[PDB]
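Here is the structure we will look at.
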Amino acid sequence: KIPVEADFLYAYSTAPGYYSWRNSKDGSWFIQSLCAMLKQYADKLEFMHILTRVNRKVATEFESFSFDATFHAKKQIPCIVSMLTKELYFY
Amino acid sequence: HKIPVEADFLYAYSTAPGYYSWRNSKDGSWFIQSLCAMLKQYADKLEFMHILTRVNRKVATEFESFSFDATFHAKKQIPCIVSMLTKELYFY
Amino acid sequence: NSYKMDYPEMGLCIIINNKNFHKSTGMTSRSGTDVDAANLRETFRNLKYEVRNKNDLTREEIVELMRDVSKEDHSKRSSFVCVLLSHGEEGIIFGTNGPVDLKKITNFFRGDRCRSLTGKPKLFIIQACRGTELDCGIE
Amino acid sequence: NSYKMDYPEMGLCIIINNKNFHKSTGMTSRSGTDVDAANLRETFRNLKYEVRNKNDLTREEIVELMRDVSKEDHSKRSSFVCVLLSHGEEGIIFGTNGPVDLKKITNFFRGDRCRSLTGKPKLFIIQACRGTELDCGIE
Amino acid sequence: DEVX
Amino acid sequence: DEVX
């Protein structure tokens, strides 16, 4: 038998309790980075390692810009939640 | 040049959100059993997320609850890897 | 070991792109989300997924979509991918007219409810808020 | 890229082993947890971590311990490992005398509060319940 | 088997 | 840059 909650992966754009950020022209930070890393690494890396690179990209390369000081200079870290039981490759 | 204050955290949960976690009174808990086993076996071969992935498959396939209480009998458990890490982790 | 990824199909890629919300919700337009939905579409097309783009779905429309998708036959599919682009809260994704519990959405595809996906990876990509906390970062 | 793991030390390994609880909590003794704590001690010892075992800590002792550890100098340590073995709830760990917010424990080691661990992997291994739901499984 |  |  296997758990009914097994083999799920939830790739969250942000940590629990936190805002998620989106750029009006480029799109959201997470999806930008996700597509970029997938495009570059989907035929070389396992999915968890791809998402880890998505994490470092969003964390290091993005910072919020706002005229509102409350929403300015903010950061974001994505949140990988894996209930997977095997490694995932897209090839 | 900043990084999030919530970055570089990894939370290895024994069970999925909202669910019970199981422990054998003599063998120990299912999760810690499997974690130590997989670490002992793979810490010098695999990246930490892949080790934890094998921990997930061990807990999911090799354990099923035994209880005199019928409500708690023949139940399963899946661990929950929550990663805010920004790099790969190797113990060597 | 690794998930069997050489089934006839790679699987579905369901992209739910909510940009415009009813004025009763008071929620603002999510400018830039079309850029996301299009980039996702291209990325997963190249990964050989059967991509389905959905735009401005109500809370009721999302549920029935995910339910109908769950009652499809994924027998010759390797995996399942769902991407959610909308406003959110912790455990909540927003339809154009109101909130939806993420659990209700994901529960459709549990191993015992979607038999044709049992043992196969079910990926949910969520671009939404999970609360109102701000990460101020560190040098 | 990969985390820099060739600092002089690998880091601390804090194992908090709660087996017996105050009568006010109604929590049962966690038989078998000693086997876990010893197995963890050996496993992470072999990984060259500075293992520190703590037994039956109160809610106040856990907080004060994690605070003291976070105010240590981790400058020549590669990482930090904390293992929690006790009763729990969603987001909650139990000291022998009551519940502790997991957030409160982990917040000590945030990038801006624990500078000597900034950029280093902070691993929290939790063996506890996260609610009262049961997985009936599927074949 | 017990629960936590 | 906006939030969700």
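Residue names in the structure tokens use chain letters A, B, ... in the order shown, residue numbers from 1 in each chain, and ligand numbers from 1 in the order shown.
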
Test item: residues at most 9 Å from residue 3 in chain F, only C-alpha atoms, excluding those fewer than 2 positions along its chain, as an mmCIF file with C-alpha atoms, in the first residue's frame:
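New file part.cif:
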data_model
loop_
_atom_site.group_PDB
_atom_site.id
_atom_site.type_symbol
_atom_site.label_atom_id
_atom_site.label_comp_id
_atom_site.auth_asym_id
_atom_site.auth_seq_id
_atom_site.Cartn_x
_atom_site.Cartn_y
_atom_site.Cartn_z
ATOM 1 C CA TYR A 19 3.621 37.853 0.208
ATOM 2 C CA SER A 20 4.339 36.740 -3.345
ATOM 3 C CA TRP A 21 5.762 39.311 -5.749
ATOM 4 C CA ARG A 22 4.931 40.077 -9.377
ATOM 5 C CA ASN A 23 6.394 42.498 -11.925
ATOM 6 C CA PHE A 71 6.348 47.653 -0.302
ATOM 7 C CA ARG C 30 -2.761 41.072 -11.819
ATOM 8 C CA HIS C 87 -4.392 36.055 -5.747
ATOM 9 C CA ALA C 128 -0.001 33.401 -5.069
ATOM 10 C CA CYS C 129 0.350 35.038 -1.672
ATOM 11 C CA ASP F 1 6.479 45.208 -8.516
#

Original post:
Which chain C residues are at most 8 Å from chain D (counting only C-alpha atoms), as a list in words?
Top reply: residues 111, 112, 137 and 138 of chain C

Write the residues of the preceding selection, restricted to C-alpha atoms, as a PDB file, in the first residue's frame.
ATOM      1  CA  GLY C 111      -4.015   8.233  -4.865  1.00  0.00           C
ATOM      2  CA  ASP C 112      -7.386   6.762  -3.893  1.00  0.00           C
ATOM      3  CA  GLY C 137      16.142  40.516   3.633  1.00  0.00           C
ATOM      4  CA  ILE C 138      19.733  40.720   4.855  1.00  0.00           C
TER       5      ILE C 138
END

So which bits of range 51-90 of chain B end up helix (DSSP H, G or I) when you DSSP the backbone, as a PDB file with N, CA, C and O atoms, in the first residue's frame?
ATOM      1  N   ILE B  51      18.378  12.056  -0.783  1.00  0.00           N
ATOM      2  CA  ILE B  51      18.371  11.192   0.392  1.00  0.00           C
ATOM      3  C   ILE B  51      16.999  11.226   1.057  1.00  0.00           C
ATOM      4  O   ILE B  51      16.427  10.184   1.374  1.00  0.00           O
ATOM      5  N   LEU B  52      16.474  12.433   1.250  1.00  0.00           N
ATOM      6  CA  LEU B  52      15.166  12.622   1.870  1.00  0.00           C
ATOM      7  C   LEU B  52      14.045  12.059   1.003  1.00  0.00           C
ATOM      8  O   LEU B  52      13.012  11.627   1.515  1.00  0.00           O
ATOM      9  N   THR B  53      14.249  12.073  -0.310  1.00  0.00           N
ATOM     10  CA  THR B  53      13.281  11.496  -1.234  1.00  0.00           C
ATOM     11  C   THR B  53      13.209   9.987  -1.035  1.00  0.00           C
ATOM     12  O   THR B  53      12.130   9.396  -1.056  1.00  0.00           O
ATOM     13  N   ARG B  54      14.369   9.367  -0.841  1.00  0.00           N
ATOM     14  CA  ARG B  54      14.433   7.941  -0.540  1.00  0.00           C
ATOM     15  C   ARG B  54      13.871   7.645   0.846  1.00  0.00           C
ATOM     16  O   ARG B  54      13.335   6.564   1.085  1.00  0.00           O
ATOM     17  N   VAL B  55      13.997   8.606   1.756  1.00  0.00           N
ATOM     18  CA  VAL B  55      13.381   8.492   3.073  1.00  0.00           C
ATOM     19  C   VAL B  55      11.863   8.450   2.925  1.00  0.00           C
ATOM     20  O   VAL B  55      11.182   7.679   3.599  1.00  0.00           O
ATOM     21  N   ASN B  56      11.346   9.275   2.021  1.00  0.00           N
ATOM     22  CA  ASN B  56       9.916   9.319   1.741  1.00  0.00           C
ATOM     23  C   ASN B  56       9.384   7.981   1.243  1.00  0.00           C
ATOM     24  O   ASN B  56       8.330   7.521   1.677  1.00  0.00           O
ATOM     25  N   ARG B  57      10.123   7.362   0.328  1.00  0.00           N
ATOM     26  CA  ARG B  57       9.695   6.110  -0.285  1.00  0.00           C
ATOM     27  C   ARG B  57       9.781   4.954   0.706  1.00  0.00           C
ATOM     28  O   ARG B  57       9.000   4.006   0.638  1.00  0.00           O
ATOM     29  N   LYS B  58      10.734   5.041   1.629  1.00  0.00           N
ATOM     30  CA  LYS B  58      10.893   4.022   2.658  1.00  0.00           C
ATOM     31  C   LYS B  58       9.716   4.039   3.627  1.00  0.00           C
ATOM     32  O   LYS B  58       9.114   3.004   3.904  1.00  0.00           O
ATOM     33  N   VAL B  59       9.399   5.223   4.141  1.00  0.00           N
ATOM     34  CA  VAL B  59       8.278   5.401   5.057  1.00  0.00           C
ATOM     35  C   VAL B  59       6.950   5.040   4.391  1.00  0.00           C
ATOM     36  O   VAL B  59       6.060   4.470   5.022  1.00  0.00           O
ATOM     37  N   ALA B  60       6.835   5.358   3.106  1.00  0.00           N
ATOM     38  CA  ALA B  60       5.586   5.171   2.376  1.00  0.00           C
ATOM     39  C   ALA B  60       5.305   3.710   2.035  1.00  0.00           C
ATOM     40  O   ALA B  60       4.151   3.285   2.013  1.00  0.00           O
ATOM     41  N   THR B  61       6.356   2.943   1.764  1.00  0.00           N
ATOM     42  CA  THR B  61       6.186   1.581   1.266  1.00  0.00           C
ATOM     43  C   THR B  61       6.417   0.494   2.315  1.00  0.00           C
ATOM     44  O   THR B  61       5.831  -0.585   2.229  1.00  0.00           O
ATOM     45  N   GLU B  62       7.260   0.771   3.304  1.00  0.00           N
ATOM     46  CA  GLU B  62       7.687  -0.270   4.236  1.00  0.00           C
ATOM     47  C   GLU B  62       6.965  -0.227   5.578  1.00  0.00           C
ATOM     48  O   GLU B  62       7.140  -1.121   6.405  1.00  0.00           O
ATOM     49  N   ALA B  70      -9.124   0.117  16.302  1.00  0.00           N
ATOM     50  CA  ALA B  70      -9.444  -0.075  14.889  1.00  0.00           C
ATOM     51  C   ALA B  70      -9.416   1.230  14.096  1.00  0.00           C
ATOM     52  O   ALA B  70      -9.175   1.227  12.890  1.00  0.00           O
ATOM     53  N   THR B  71      -9.666   2.339  14.783  1.00  0.00           N
ATOM     54  CA  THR B  71      -9.649   3.659  14.164  1.00  0.00           C
ATOM     55  C   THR B  71      -8.243   4.009  13.667  1.00  0.00           C
ATOM     56  O   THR B  71      -8.080   4.728  12.679  1.00  0.00           O
ATOM     57  N   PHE B  72      -7.230   3.461  14.332  1.00  0.00           N
ATOM     58  CA  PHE B  72      -5.842   3.807  14.038  1.00  0.00           C
ATOM     59  C   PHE B  72      -5.072   2.676  13.361  1.00  0.00           C
ATOM     60  O   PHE B  72      -3.852   2.748  13.231  1.00  0.00           O
TER      61      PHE B  72
END

**OP:** Do me a favour and pick out the residues of chain B within 9 Å of chain E, using only C-alpha atoms, as a PyMOL selection string.
**Re:** chain B and resi 20-26+29+64-67+72-73

Using N, CA and C atoms, can you export the residues from the last selection as a JSON list (two decimals), in the first residue's frame?
[["chain", "number", "residue", "atom", "x", "y", "z"],
["B", 20, "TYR", "N", -1.32, 12.75, 11.36],
["B", 20, "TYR", "CA", -0.63, 12.08, 12.46],
["B", 20, "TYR", "C", 0.77, 11.67, 12.04],
["B", 21, "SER", "N", 1.65, 11.51, 13.03],
["B", 21, "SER", "CA", 2.96, 10.93, 12.80],
["B", 21, "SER", "C", 3.08, 9.65, 13.62],
["B", 22, "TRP", "N", 3.68, 8.62, 13.04],
["B", 22, "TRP", "CA", 3.67, 7.31, 13.67],
["B", 22, "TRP", "C", 5.01, 6.92, 14.27],
["B", 23, "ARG", "N", 4.94, 6.19, 15.38],
["B", 23, "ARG", "CA", 6.12, 5.76, 16.11],
["B", 23, "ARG", "C", 5.94, 4.35, 16.64],
["B", 24, "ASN", "N", 6.94, 3.50, 16.45],
["B", 24, "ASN", "CA", 6.90, 2.17, 17.02],
["B", 24, "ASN", "C", 7.62, 2.20, 18.37],
["B", 25, "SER", "N", 6.93, 1.76, 19.41],
["B", 25, "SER", "CA", 7.43, 1.87, 20.78],
["B", 25, "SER", "C", 8.76, 1.15, 21.03],
["B", 26, "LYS", "N", 9.08, 0.15, 20.22],
["B", 26, "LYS", "CA", 10.35, -0.57, 20.37],
["B", 26, "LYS", "C", 11.36, -0.25, 19.26],
["B", 29, "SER", "N", 10.43, 5.77, 15.87],
["B", 29, "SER", "CA", 9.52, 6.36, 14.90],
["B", 29, "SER", "C", 9.91, 5.96, 13.48],
["B", 64, "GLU", "N", 3.26, 0.27, 7.82],
["B", 64, "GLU", "CA", 1.81, 0.32, 7.95],
["B", 64, "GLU", "C", 1.47, 0.14, 9.42],
["B", 65, "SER", "N", 0.55, 0.94, 9.92],
["B", 65, "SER", "CA", 0.29, 0.98, 11.36],
["B", 65, "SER", "C", -0.40, -0.27, 11.87],
["B", 66, "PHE", "N", -0.01, -0.68, 13.07],
["B", 66, "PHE", "CA", -0.69, -1.76, 13.78],
["B", 66, "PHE", "C", -1.22, -1.20, 15.10],
["B", 67, "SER", "N", -2.52, -1.30, 15.30],
["B", 67, "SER", "CA", -3.13, -0.77, 16.51],
["B", 67, "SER", "C", -4.30, -1.63, 16.96],
["B", 72, "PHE", "N", -7.23, 3.46, 14.33],
["B", 72, "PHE", "CA", -5.84, 3.81, 14.04],
["B", 72, "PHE", "C", -5.07, 2.68, 13.36],
["B", 73, "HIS", "N", -5.77, 1.64, 12.92],
["B", 73, "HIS", "CA", -5.10, 0.47, 12.36],
["B", 73, "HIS", "C", -4.99, 0.52, 10.84]]

Go ahead and align chain D to chain C (same sequence, so just pair every C-alpha in order, least squares) and export the moved chain as a PDB file with C-alpha atoms, in the first residue's frame.
ATOM      1  CA  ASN D   1      14.944   5.147  -8.078  1.00  0.00           C
ATOM      2  CA  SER D   2      13.202   7.473 -10.527  1.00  0.00           C
ATOM      3  CA  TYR D   3       9.624   8.063 -11.672  1.00  0.00           C
ATOM      4  CA  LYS D   4       8.696   6.203 -14.847  1.00  0.00           C
ATOM      5  CA  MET D   5       8.522   9.028 -17.389  1.00  0.00           C
ATOM      6  CA  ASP D   6       8.341   7.065 -20.646  1.00  0.00           C
ATOM      7  CA  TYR D   7       4.582   6.593 -20.880  1.00  0.00           C
ATOM      8  CA  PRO D   8       3.101   7.457 -24.314  1.00  0.00           C
ATOM      9  CA  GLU D   9       2.285  10.950 -23.030  1.00  0.00           C
ATOM     10  CA  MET D  10       4.065  13.113 -20.461  1.00  0.00           C
ATOM     11  CA  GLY D  11       0.723  14.220 -19.058  1.00  0.00           C
ATOM     12  CA  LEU D  12      -1.513  17.270 -18.804  1.00  0.00           C
ATOM     13  CA  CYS D  13      -0.377  20.781 -17.974  1.00  0.00           C
ATOM     14  CA  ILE D  14      -3.266  22.806 -16.591  1.00  0.00           C
ATOM     15  CA  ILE D  15      -2.545  26.526 -16.426  1.00  0.00           C
ATOM     16  CA  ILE D  16      -5.199  28.581 -14.659  1.00  0.00           C
ATOM     17  CA  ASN D  17      -4.582  32.256 -15.353  1.00  0.00           C
ATOM     18  CA  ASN D  18      -6.687  34.653 -13.278  1.00  0.00           C
ATOM     19  CA  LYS D  19      -6.075  38.295 -14.173  1.00  0.00           C
ATOM     20  CA  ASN D  20      -9.379  40.089 -13.602  1.00  0.00           C
ATOM     21  CA  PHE D  21     -11.528  39.694 -10.501  1.00  0.00           C
ATOM     22  CA  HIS D  22     -15.112  40.523  -9.524  1.00  0.00           C
ATOM     23  CA  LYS D  23     -15.583  43.883  -7.808  1.00  0.00           C
ATOM     24  CA  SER D  24     -16.859  42.133  -4.673  1.00  0.00           C
ATOM     25  CA  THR D  25     -13.410  40.677  -4.014  1.00  0.00           C
ATOM     26  CA  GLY D  26     -11.632  44.027  -4.006  1.00  0.00           C
ATOM     27  CA  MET D  27      -8.771  42.306  -5.798  1.00  0.00           C
ATOM     28  CA  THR D  28      -6.728  44.314  -8.296  1.00  0.00           C
ATOM     29  CA  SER D  29      -6.076  43.240 -11.883  1.00  0.00           C
ATOM     30  CA  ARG D  30      -2.918  41.130 -12.041  1.00  0.00           C
ATOM     31  CA  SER D  31      -1.012  42.859 -14.843  1.00  0.00           C
ATOM     32  CA  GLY D  32       1.897  40.777 -16.124  1.00  0.00           C
ATOM     33  CA  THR D  33       0.272  37.415 -15.478  1.00  0.00           C
ATOM     34  CA  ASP D  34      -0.322  36.949 -19.210  1.00  0.00           C
ATOM     35  CA  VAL D  35       3.436  36.996 -19.772  1.00  0.00           C
ATOM     36  CA  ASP D  36       3.672  34.224 -17.180  1.00  0.00           C
ATOM     37  CA  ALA D  37       0.882  32.108 -18.669  1.00  0.00           C
ATOM     38  CA  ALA D  38       2.421  32.291 -22.143  1.00  0.00           C
ATOM     39  CA  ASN D  39       5.921  31.533 -20.875  1.00  0.00           C
ATOM     40  CA  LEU D  40       4.599  28.543 -18.942  1.00  0.00           C
ATOM     41  CA  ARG D  41       2.714  27.382 -22.030  1.00  0.00           C
ATOM     42  CA  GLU D  42       5.908  27.372 -24.099  1.00  0.00           C
ATOM     43  CA  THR D  43       8.094  25.898 -21.364  1.00  0.00           C
ATOM     44  CA  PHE D  44       5.848  22.906 -20.699  1.00  0.00           C
ATOM     45  CA  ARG D  45       5.016  22.544 -24.387  1.00  0.00           C
ATOM     46  CA  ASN D  46       8.726  22.040 -24.943  1.00  0.00           C
ATOM     47  CA  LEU D  47       8.655  19.456 -22.154  1.00  0.00           C
ATOM     48  CA  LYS D  48       6.089  17.614 -24.297  1.00  0.00           C
ATOM     49  CA  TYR D  49       3.135  18.232 -21.984  1.00  0.00           C
ATOM     50  CA  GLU D  50      -0.442  18.609 -23.184  1.00  0.00           C
ATOM     51  CA  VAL D  51      -0.849  22.220 -22.095  1.00  0.00           C
ATOM     52  CA  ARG D  52      -4.327  23.595 -21.438  1.00  0.00           C
ATOM     53  CA  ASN D  53      -4.625  27.309 -20.720  1.00  0.00           C
ATOM     54  CA  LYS D  54      -7.616  28.609 -18.785  1.00  0.00           C
ATOM     55  CA  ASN D  55      -8.284  32.312 -18.327  1.00  0.00           C
ATOM     56  CA  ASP D  56     -10.331  34.059 -15.640  1.00  0.00           C
ATOM     57  CA  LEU D  57     -12.083  31.055 -14.110  1.00  0.00           C
ATOM     58  CA  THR D  58     -14.612  31.489 -11.318  1.00  0.00           C
ATOM     59  CA  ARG D  59     -14.248  29.581  -8.048  1.00  0.00           C
ATOM     60  CA  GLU D  60     -16.906  27.141  -9.269  1.00  0.00           C
ATOM     61  CA  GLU D  61     -15.252  26.710 -12.673  1.00  0.00           C
ATOM     62  CA  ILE D  62     -11.877  25.908 -11.108  1.00  0.00           C
ATOM     63  CA  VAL D  63     -13.385  23.184  -8.922  1.00  0.00           C
ATOM     64  CA  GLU D  64     -15.422  21.721 -11.788  1.00  0.00           C
ATOM     65  CA  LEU D  65     -12.369  21.846 -14.076  1.00  0.00           C
ATOM     66  CA  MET D  66     -10.080  20.085 -11.611  1.00  0.00           C
ATOM     67  CA  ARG D  67     -12.844  17.548 -11.001  1.00  0.00           C
ATOM     68  CA  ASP D  68     -13.244  16.900 -14.734  1.00  0.00           C
ATOM     69  CA  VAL D  69      -9.481  16.583 -15.185  1.00  0.00           C
ATOM     70  CA  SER D  70      -9.203  14.182 -12.247  1.00  0.00           C
ATOM     71  CA  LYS D  71     -11.888  11.999 -13.821  1.00  0.00           C
ATOM     72  CA  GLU D  72      -9.976  11.810 -17.092  1.00  0.00           C
ATOM     73  CA  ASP D  73      -8.027   8.663 -17.953  1.00  0.00           C
ATOM     74  CA  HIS D  74      -4.364   9.318 -17.179  1.00  0.00           C
ATOM     75  CA  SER D  75      -3.381   5.684 -17.799  1.00  0.00           C
ATOM     76  CA  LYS D  76      -0.892   6.468 -20.592  1.00  0.00           C
ATOM     77  CA  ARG D  77       0.319   9.728 -19.022  1.00  0.00           C
ATOM     78  CA  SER D  78       3.536   9.934 -16.993  1.00  0.00           C
ATOM     79  CA  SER D  79       2.561  12.816 -14.717  1.00  0.00           C
ATOM     80  CA  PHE D  80       0.215  15.719 -14.033  1.00  0.00           C
ATOM     81  CA  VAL D  81       0.989  19.425 -13.779  1.00  0.00           C
ATOM     82  CA  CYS D  82      -1.311  22.148 -12.485  1.00  0.00           C
ATOM     83  CA  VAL D  83      -0.236  25.782 -12.422  1.00  0.00           C
ATOM     84  CA  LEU D  84      -2.203  28.356 -10.445  1.00  0.00           C
ATOM     85  CA  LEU D  85      -1.758  32.041 -11.236  1.00  0.00           C
ATOM     86  CA  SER D  86      -3.957  34.253  -9.062  1.00  0.00           C
ATOM     87  CA  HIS D  87      -4.371  36.068  -5.760  1.00  0.00           C
ATOM     88  CA  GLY D  88      -4.078  33.974  -2.625  1.00  0.00           C
ATOM     89  CA  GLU D  89      -3.863  33.391   1.103  1.00  0.00           C
ATOM     90  CA  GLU D  90      -2.381  30.592   3.194  1.00  0.00           C
ATOM     91  CA  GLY D  91      -3.929  27.463   1.693  1.00  0.00           C
ATOM     92  CA  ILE D  92      -6.199  29.613  -0.467  1.00  0.00           C
ATOM     93  CA  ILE D  93      -6.336  30.351  -4.191  1.00  0.00           C
ATOM     94  CA  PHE D  94      -8.665  32.958  -5.694  1.00  0.00           C
ATOM     95  CA  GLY D  95     -11.119  32.387  -8.487  1.00  0.00           C
ATOM     96  CA  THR D  96     -12.276  35.564 -10.224  1.00  0.00           C
ATOM     97  CA  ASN D  97     -15.281  35.657  -7.896  1.00  0.00           C
ATOM     98  CA  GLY D  98     -13.835  34.365  -4.626  1.00  0.00           C
ATOM     99  CA  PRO D  99     -11.461  32.074  -2.682  1.00  0.00           C
ATOM    100  CA  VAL D 100     -10.906  28.345  -3.210  1.00  0.00           C
ATOM    101  CA  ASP D 101      -9.330  25.935  -0.735  1.00  0.00           C
ATOM    102  CA  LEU D 102      -6.127  24.528  -2.231  1.00  0.00           C
ATOM    103  CA  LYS D 103      -6.912  21.314  -0.378  1.00  0.00           C
ATOM    104  CA  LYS D 104     -10.217  20.982  -2.229  1.00  0.00           C
ATOM    105  CA  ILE D 105      -8.418  21.298  -5.577  1.00  0.00           C
ATOM    106  CA  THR D 106      -5.607  18.875  -4.755  1.00  0.00           C
ATOM    107  CA  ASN D 107      -7.849  16.285  -3.071  1.00  0.00           C
ATOM    108  CA  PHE D 108      -9.290  15.364  -6.475  1.00  0.00           C
ATOM    109  CA  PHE D 109      -5.929  13.866  -7.397  1.00  0.00           C
ATOM    110  CA  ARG D 110      -5.240  11.902  -4.219  1.00  0.00           C
ATOM    111  CA  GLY D 111      -4.057   8.332  -4.764  1.00  0.00           C
ATOM    112  CA  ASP D 112      -7.454   6.898  -3.847  1.00  0.00           C
ATOM    113  CA  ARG D 113      -9.567   9.368  -5.841  1.00  0.00           C
ATOM    114  CA  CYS D 114      -7.542   9.468  -9.051  1.00  0.00           C
ATOM    115  CA  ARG D 115      -6.367   5.899  -9.710  1.00  0.00           C
ATOM    116  CA  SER D 116      -4.860   6.637 -13.121  1.00  0.00           C
ATOM    117  CA  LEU D 117      -2.381   9.008 -11.468  1.00  0.00           C
ATOM    118  CA  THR D 118      -1.539   6.752  -8.519  1.00  0.00           C
ATOM    119  CA  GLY D 119       2.227   6.335  -8.247  1.00  0.00           C
ATOM    120  CA  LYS D 120       2.773   9.216 -10.654  1.00  0.00           C
ATOM    121  CA  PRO D 121       4.132  12.668  -9.722  1.00  0.00           C
ATOM    122  CA  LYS D 122       1.411  15.278  -9.249  1.00  0.00           C
ATOM    123  CA  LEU D 123       2.939  18.749  -9.445  1.00  0.00           C
ATOM    124  CA  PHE D 124       1.104  21.867  -8.302  1.00  0.00           C
ATOM    125  CA  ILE D 125       2.778  25.178  -9.108  1.00  0.00           C
ATOM    126  CA  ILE D 126       1.211  28.057  -7.203  1.00  0.00           C
ATOM    127  CA  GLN D 127       1.874  31.736  -7.848  1.00  0.00           C
ATOM    128  CA  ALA D 128      -0.116  33.497  -5.146  1.00  0.00           C
ATOM    129  CA  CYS D 129       0.267  35.154  -1.761  1.00  0.00           C
ATOM    130  CA  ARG D 130       0.285  32.980   1.348  1.00  0.00           C
ATOM    131  CA  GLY D 131      -0.317  35.810   3.784  1.00  0.00           C
ATOM    132  CA  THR D 132       0.698  39.409   4.399  1.00  0.00           C
ATOM    133  CA  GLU D 133       4.199  39.067   5.841  1.00  0.00           C
ATOM    134  CA  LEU D 134       7.139  40.904   4.245  1.00  0.00           C
ATOM    135  CA  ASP D 135      10.716  39.668   3.887  1.00  0.00           C
ATOM    136  CA  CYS D 136      13.008  42.639   4.522  1.00  0.00           C
ATOM    137  CA  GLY D 137      16.067  40.558   3.655  1.00  0.00           C
ATOM    138  CA  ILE D 138      19.671  40.584   4.856  1.00  0.00           C
ATOM    139  CA  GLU D 139      23.038  41.347   3.225  1.00  0.00           C
TER     140      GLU D 139
END

**OP:** Considering only C-alpha atoms, extract the chain A residues located within 8 Å of chain B and return them as number ranges by chain.
**Re:** A: 1-3, 5-6, 15, 48-49, 52-56, 59-60, 75-87
